[PDB]
Structures are given as structure tokens and as C-alpha cells.
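Below: the structure, in C-alpha cells.
Naming follows writing order (A, B, C and D), and every chain is counted from residue 1.
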Amino acid sequence: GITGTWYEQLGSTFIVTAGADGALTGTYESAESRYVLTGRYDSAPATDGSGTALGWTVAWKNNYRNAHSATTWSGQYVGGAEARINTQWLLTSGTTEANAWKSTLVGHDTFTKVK
Amino acid sequence: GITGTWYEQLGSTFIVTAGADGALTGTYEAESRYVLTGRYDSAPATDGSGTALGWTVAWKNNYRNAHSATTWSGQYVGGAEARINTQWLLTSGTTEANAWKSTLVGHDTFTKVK
Amino acid sequence: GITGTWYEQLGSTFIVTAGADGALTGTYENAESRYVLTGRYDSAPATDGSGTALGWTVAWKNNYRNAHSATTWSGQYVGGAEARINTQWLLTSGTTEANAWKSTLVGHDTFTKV
Amino acid sequence: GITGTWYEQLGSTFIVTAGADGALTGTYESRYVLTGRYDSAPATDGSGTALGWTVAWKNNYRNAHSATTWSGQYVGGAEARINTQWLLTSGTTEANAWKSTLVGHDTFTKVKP
């Protein structure tokens, strides 16, 4: 299903394990560039062709690096021969109160099972 | 600092534990109880910046399932009033044709008071 | 309700005229910090107590400066005592293909008449 | 290269004129009035051209009590395109304001897919 390796549009890779309990655990790779991922997903989705909702978070700190920022992906898994996870993300960095207005970026990413 | 009980600027409540190397665990509020999990910057800057964090809640518990998930992205702020300022994304499972309307966006502030 | 001067929580200011077929025109703000705004709003909202949908755009260029960016605000007008415009915004900066992933900030602002 | 007729991946069409002073005027497709701004003097460094516009979903046939704003940048190239992120807000009561806004992304090209 979701368990496995996913490739994003521009290079990044993640390995995720989708637990029976609805937990998402894995690693995201931008080892200097490997980071822990953690999330949740709908473990009892609809079969009417709806995708499966999920989200996950990466804090960009590891034993070598720290960008003082975090990304959260919200989106959905669509199975099939053309399996994909379509997401929108929010990147939030630590800032002072005075730069909190410019603290968050928004984007989107598509992950597929090959590439 | 992050560990403890927080209240939403409307009325929800969440209980968090922050693990020494960046894990966020706890629950977002009986039938209204859901698991949350996330990560945080466990070695933030010392310049007065806040602490970047995120978490996810999938809206399924042993009683209900909305077929959707929400992620909060933000930062913890130490001050007179410690706060967590977030922006959030709620994605619902949809067929492909309705994907364009699958995701809500909003923001929220949590405080330990109230 | 919308025509007039609005102040955002952060110090900035905008003067708008809401025309009769949904046009929004005005300036966002000394001269060096004034910029043209243009937008649209629902000139016939429901009367169920719902807010009035609107939006507008500002590119950050004037005769004196050019940040090579633009902001869009999407939100609603809520009249009455504390009349307010509640918005979410996107700021996009022109980037090369390579930095496009970090081209768009998101946030929120609330405008009041005082 | 902004002036012209553009196509979005889901079939939507927008006709727009880019004027002298950074104004954007046109129609989104029945049809809805659009207006926006663009950077009339972009960087030389191969950066894209920042831009944005708005549509309120009311015309003479219907009104959805909503508005969408697209924020993005134009990239010339052998196949020009406009990459955008968008927010769609509906009028709602206070109690429902929390779900009043949708967020998405849209790519327009001068060729119809």
C-alpha cells in the first residue's frame, strides 16, 4: 500500500512504514541528509475510489545538521498502477516575533513509486 | 516547555509530550479523542527565535472516522505567555475529480492558559 | 461597509473603493511605500449572517522600488461593531527554476476600521 | 508573454491582458471577470515574473459567494507557463469560518492539454 519507498518530483526520497494502528514512521532523505519522519494516516479508508488521507512531519535536525525548521505534509494516497501521494506542505522555520510574518512557506509535492 | 496541556483559540485541547530527541506524542481532544504524532527542533537557536515544530492527527479513532487528516506546522514561543502559533492543512480523501477541493488551510494559536 | 480605510494588525494600511460591479481598487501603504491594489468582491452576498467574499492583489513595485514580488489576500469581510476583514495571503517572489520551491510564503492578517 | 490565452491542467481557460503599468485584466472561464497585478520590470537574472489575480465567482448567471486568488510567476522559455498557488474563500458565518478557505496550485500553459 503506502509502505515502501517514494520518490518526489525533484530528488528527495522517503521510506515509510504504515502501521496497522494508523502510524507512519520512516526516514526522509534530502546520512548527513537523512531525517526522521513521523505521521498518521486513515487505516480504514473508503473503497469508493477516494484516496487515503495522511500527513507527516520532518524536523530538519539530525546528528550532523539543524536547519531550525520543520515541514509538514498533508495529502493523500491514490493506489493503482499509477500510485501517487499528492501533497501540500508547510515549511516553518524558527524566527523572532518580528519575522514571524515571513516564517512559513507553502508548496506542493507529488511522490511516486518509481524514479 | 512544549510538554503539557494546550488549548486552541476556539475550544480544542491537546496534551503533548516532547521526547529528548525531537519526538512529539500525545492526544488531541472520549469519542473526541485522537492520537497525534510529530517532531520538533530539539536544539533551537539561542537568538530569541522560536522552536519549529509540526504534528499530524488522522481523524480516526475507535469510534469515528472522517477520512481526513490535519497537519499543523509552526513554532513554540517562550514568553510571558508561552504560545504555539501554527498554520494548518486539513486534507480529506476525495476521488481524483474532486481533488482540487480536498484541502483546507487555516491557522491557530495555542496557550497553556485557558 | 468595505469602502474606506483599513488597518492591519502589523502597522500597514489600505484604502479601498468597492465599486458596484464587484471591483476593488485602492492603494496599500510616504510615497515610496505606496502601491496599487486591485481586486474583486461578492457584490451580492447572502443575508444569513455569512461574510462577504473578496480578494485582492498587490505587486511590490512602484515608481521608486521593485521587490519583484506580489501578494494576494483571500478572505472575507465581516461587518457590524468590530467590522473586520479576515484574510489568508500568499506572497510570491520571482525566482529561477531552481529556487521555485521556496518562492511562496503563506500567512494571515486581520484588518479593522480602527 | 503574459498577454494571451492560457489553459490550466483541469480545462479552465483564462484570457488576460498585461498592461503598461503592471495591470492584469481579463476573463476566467460561464465567464468571470478577473483582475490582478504583475511585476512590469522583472529581474534580468533569469528570474520569473511575479504576478497575481483575483476572481469573484459572481456574474449575471450565478453567484457562489466565493473568491479565489492566484499567486505565482510567469516563466518564458520554449514553452511558457504560469505556476500558481491559490486560495479559495467562501462567505460563512463566524462558527464556520474555520473551514472557509481551500488551498491549491494551478499551472497554466499557452497550449491546451
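Basically, a contact is a pair of C-beta atoms (placed from the backbone, for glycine too) under 8 Å apart; a residue touches a chain by one contact, two chains touch by 3 or more.
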| item | value |
| --- | --- |
| Chain pair with the higher count of C-beta pairs in contact (C-D, B-C) | C-D |
| Chain centre separation (chain A, chain D; CA means) in Å | 28 |
| Inter-centroid spacing, chain B versus chain A (mean Cα positions, whole Å) | 15 |
| Contacts with 2+ other chains: residues of chain C | 88, 90-91, 104, 106-107 |
| Arrangement of touching chains [line / ring / star / complete / other] | complete |
| Chain-chain contacts as defined at top | A-B, A-C, A-D, B-C, B-D, C-D |
| Chain A-touching residues of chain C, taken from the complex the two chains share | 10, 90-91, 101-102, 104-107 |
| Complex interface listing, chain D residues touching chain A | 85, 103-105 |
| Chain D residues touching chain C - in the complex, by the definition given at the top | 21-23, 33-43, 45-58, 63, 65-73, 75, 83, 85-94, 97, 100-101, 103 |
